[PDB]
Structure formats: structure tokens, C-alpha cells
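In C-alpha cells, one chain follows: the form deposited in one PDB entry.
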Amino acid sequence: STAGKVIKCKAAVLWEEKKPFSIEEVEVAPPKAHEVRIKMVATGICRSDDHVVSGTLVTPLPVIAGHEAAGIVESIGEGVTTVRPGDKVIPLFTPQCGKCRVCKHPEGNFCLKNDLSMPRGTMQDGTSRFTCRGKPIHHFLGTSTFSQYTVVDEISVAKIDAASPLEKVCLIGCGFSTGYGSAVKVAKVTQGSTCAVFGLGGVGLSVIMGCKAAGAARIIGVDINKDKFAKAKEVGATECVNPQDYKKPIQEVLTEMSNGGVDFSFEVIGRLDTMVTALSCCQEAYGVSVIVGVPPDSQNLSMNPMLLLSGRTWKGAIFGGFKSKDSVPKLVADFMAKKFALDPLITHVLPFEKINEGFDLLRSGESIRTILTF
């Protein structure tokens, strides 16, 4: 019915930094070769989307943000072979072209066709499928899910299980996977280890889930907001500490608590200082610290290289290290199989039109993941 035609629908447009989203009428062009048009069913509000608003994450404006979602294919452009109209799909903010050096590398996942390193805010072809008030609107990480309908490159979409609950599996599009893979694939948390997770929002709780799934014996949650402690304990945290409660730097407290340094630390906040702190708190000779949090654009951190010379390992990753097209479908299967839970991350559910409200809940500290339904 709408196949091959321009669709007029509602989308949350971000016209300027530090402004509420503007729910308005947009024109979504029909999919070109190798492009898939998706009708959104659910989308979660991740801190990265708020980073676009606050200026922490730089991307061309105006833009239709949104990168954590699930929808149904409405139509496909010529040549698409991996999905079909009616399929349940999860847009992939980190593509998987499958032909570049990284996609071919056993451990790489940061596909070279990403729109993260030097954001263009367009489709793979350099153009936009969105128009608003007669003006072209930028895409965001090749996903733009804060719209009733979106247009993505074939390499930026994955077909998932037809019976998966879209209002829950959208978290596999970002939050959950990032968190879980960071612990289980990047850090490679080991059985009996001691972990330190800095930041207890949705990705941190998923980090905690991965550590617990890996057999960690101790999982110390760290947050300056004590209201996050309860849910952290529920998915696995054996202890939670609030840096504001101590008179000494949190890295000393954690070093003493772990009797010389943790085995694995994770920064899941987005601060230069906690990145350095999370590295210091890991054991000087064999500790491993993983940066997950996105810091303010263009800022450098300052650190003493002896932290690394003693033997520490410092690393980071996009989307928990997972090759997107291949793991998204498997993560959904595993979710379907009850291998991990998504419910503990979902604290509020709202209709898409209440997006600003959802951003207010995240900014106020009240929610973990608010899911927006269309």
C-alpha cells in the first residue's frame, strides 16, 4: 500500500542542541537500492541519544535521533536479500558490511562503513531520506529510530525471530548488548573474579548481567545515585558503593575492598575522571579495565602511563564488541530461550509522542530504560 511511495508520518526532530524534541510531520522517501524502510514498533531512550541533545555527542543537526529499536519492514529497495516486508528487524547503529578489513577480522566489530568516527548523518550514499518543513533532516548513525518510519542501509539492519516481543528486544539494539558484550566479550570476565562497574544505568546493569553470567564472584556497583543500588543488587551486584559517602578517592576504597585491585573494572558513565579512576582501581599487574561510556566530544583525559607499565590492560568497544548483523539475531534467540532478562532494565513505558517526558525521566535519575511505543 505504501511501498514505492513517500510516507508522511510523525518523527521527533531535534532542531537545535539543548532543546526538547519537536514531534512533527516528516516525509520519509521510499527505500533506494539496498535500503530497507522500517515501521517502528518500539524504541528505547539511551543516554547516547541525550548526548546528541546535550552536545556531548556531535552529529550534524537538525537530526532524527534514536538508535535502540525494533520494527517491522514496510518495504525493501532493489537488491535487498537479507530481509523481507513483514520481517521483525532491529536497526544496527554499528553496521556489518561483511567485506571490510574489520568485518573480516575475528575480533573486530567497528565496521569501516560506520557513521560514528566522522559523522555525516546520512545514508550510505551521502543523502537523506528525511524531509521536514521542506528541509532535509540528517540521519543518526544510519538508524534514526525516533520516527514512525525510517530508512536504513541493508548493512544496518538485522532480521530477528518472528515471535520476539519488539517492546523488549529493542534493548538488544544498544543497551543490553553493549553492556553484556563488554563484560563477556571484551573484558572476558572470568569465573571467581571481582568486578567493578562504574555507572548503574541501563548499560551498567547489563554489564552487571554479563559479569554474573561469566561467574564473577564479586560485582561492585559504583554510582553517585544511591537509588540505583537496589536494581543493581537485583541483577547481580554483590555490593554497591557511593563515592560521595567516602572521604578518600573511590579507587582507594575499591583497591582496599578488593584487597589490592579488582580483576575487571568498567566505565559506563562517560566521564574522563571515572575512566582514569576505573583503570586505577583494577589490579596493577593483571587488571583489565574497559571504557564503555562516551565522554564529551574532543576532550582529552590525563593519565600516568605507569598505570599501564605495571601490566594493566586498558580497552574500549562499541556495542559490546559484537559483530552486529551476526549477533543481534542470536541475542534475540537467546533472549527467547531465557538465557538473559530484559525486564529489569525497563522501568517505564510511554507512547512515542511523550518522548520529552521519557528524556525528563532519564535526566532526572528516575528511570533506567523508558521504552517508547508507536
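Just count from 1 along the sequence shown to find any residue number. The term rigid core refers to the most C-alpha atoms you can superpose between the two forms while keeping them within 1.5 Å.
Asks: On average, are the C-alpha B-factors higher in 246 to 254 or in 176 to 184?
Replies: Mean C-alpha B-factor is greater for 246 to 254.
Asks: Highest mean C-alpha temperature factor of the two stretches 47 to 55 and 337 to 345, which is it?
Replies: 337 to 345 has the higher mean C-alpha B-factor.
Asks: With respect to the C-alpha temperature factors reported in the PDB entry, which of 284, 153, 267, 234 ranks highest?
Replies: By C-alpha B-factor in the record, 234 ranks first.
Asks: For the C-alpha B-factor as written in the entry, point me to the maximum among 238, 147, 143, 114.
Replies: 238 has the highest C-alpha B-factor of those listed.
Asks: Based on the deposited C-alpha B factors for this chain, I'd like to know if residue 292 is in the lowest, middle or highest third.
Replies: It falls in the bottom third of the chain.
Asks: Could you tell me which third, lowest, middle or highest, the C-alpha B-factor of residue 86 occupies within its chain?
Replies: It belongs to the middle third of the chain when residues are ordered by C-alpha B-factor.
Asks: Based on the deposited C-alpha B factors for this chain, I'd like to know if residue 279 is in the lowest, middle or highest third.
Replies: Its C-alpha B-factor belongs to the lowest third of this chain's values.
Asks: Rank-wise, by C-alpha B-factor, drop residue 73 into the lowest, middle or highest third of its chain.
Replies: Its C-alpha B-factor belongs to the middle third of this chain's values.
Asks: Could you say whether, by C-alpha temperature factor, residue 220 belongs to the lowest, middle or highest third of its chain?
Replies: Within its chain, residue 220 is a middle-third residue by C-alpha B-factor, going by the deposited values.
Keep in mind that the form deposited in another entry is missing from the display, and what follows is about it.
Asks: Which listed residue (104, 188, 84, 248) has a Cα shift of at least 2 Å between the shown form and the other one, rigid core superposed?
Replies: Residue with a C-alpha shift of 2 Å or more: 248.
Asks: Please check if residue 296 moves between the shown form and the other one, taking a CA shift of 2 Å or more relative to the superposed core as movement.
Replies: It does shift by 2 Å or more.
Asks: Is residue 72 among the residues whose Cα moves by 2 Å or more between the shown form and the other one after superposition of the rigid core?
Replies: The answer is no, as the C-alpha of residue 72 shifts between the shown form and the other one by less than 2 Å after core alignment.
Asks: Where do residue 96 and residue 296 end up in that other deposited form, Cα atoms closer or farther than shown, with a change of 3 Å or more?
Replies: Note: Cα gap between residue 96 and residue 296 shrinks in that other deposited form.
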